[PDB]
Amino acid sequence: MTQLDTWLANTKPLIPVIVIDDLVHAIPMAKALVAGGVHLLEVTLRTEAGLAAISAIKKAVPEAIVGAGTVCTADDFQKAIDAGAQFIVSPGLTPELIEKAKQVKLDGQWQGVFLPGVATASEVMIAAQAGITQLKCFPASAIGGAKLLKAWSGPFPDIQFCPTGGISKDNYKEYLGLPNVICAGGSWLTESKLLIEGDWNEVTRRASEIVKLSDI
């Protein structure tokens, strides 16, 4: 078992991919998500409030496992670690990201989980050989979806995936049912309107409707 496996054994298999404009929404949003049993929170660096939001959730909502997404560069990677990210998700993987991740693991100060995107068998093999065997498949739905993941299970049976990209309320359970899929990223729990309006009851409702892995 990895660190990611251990977290996933204690929360729901659905990672909200969070786009948050206002820092002040971070804590209530996260509190609303954990209240519905959803603890692995990926705050993307797609807004200026992203990093600050991580730090705020980290401090104020110790039960959430808060991470950074849309980490594209080594500098993004370092800033996530400084903000207090417990995990880092990237949409793809480059030699510069591989190098950065190795280096922070070598220094031993950040012991979090790096979860990078792959989209081809060759990308999988490059990530696996850098030592990363749990990968994001991005953007899963547009690039072949369940069929792609299933085809990859044959030659790569020890690699596990988190598909992200076009995962929905209506198809997430099908992805999760794949034997090489351990979790999925989804956007619908933290839609923009919900955050701007502070509709924390609806966020909690959407989280509470997510099923545990053993219940698919």
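All residue numbers are counted from 1 along the displayed sequence.
**OP:** Return whichever of 91-99 and 107-115 has the greater mean Cα B factor according to the PDB record.
**Re:** Per the deposited B-factors, the answer is 107-115.
**OP:** Please pick out which of 28, 62, 69, 186 has the largest Cα B-factor as recorded in the entry.
**Re:** When the deposited C-alpha B-factors of 28, 62, 69, 186 are compared, 62 is largest.
Original post:
Which of these, 203, 19, 196, 15, has its C-alpha atom at the highest B-factor, as the entry lists it?
Top reply: Within the set 203, 19, 196, 15, 196 shows the top C-alpha B-factor.
Subject >> Third assignment of residue 131 from its chain's C-alpha B-factors >> reply: Highest third of the chain for residue 131's C-alpha B-factor.
**OP:** Divide the modelled residues of the chain into thirds by Cα B-factor and specify which third, lowest, middle or highest, holds residue 171.
**Re:** According to the entry, residue 171 has a C-alpha B-factor in the chain's highest third.
**OP:** Place residue 120 in the lowest, middle or highest third of its chain's C-alpha B-factors, as listed in the PDB entry.
**Re:** For residue 120, the deposited C-alpha B-factor lands in the lowest third.
**OP:** Please place residue 78 in the lowest, middle or highest third of its chain by C-alpha B factor as given in the entry.
**Re:** Highest third, going by the recorded CA B-factors of the chain.
Original post:
Can you tell me which third, lowest, middle or highest, the CA B-factor of residue 43 falls into for its chain?
Top reply: For residue 43, the deposited C-alpha B-factor lands in the lowest third.
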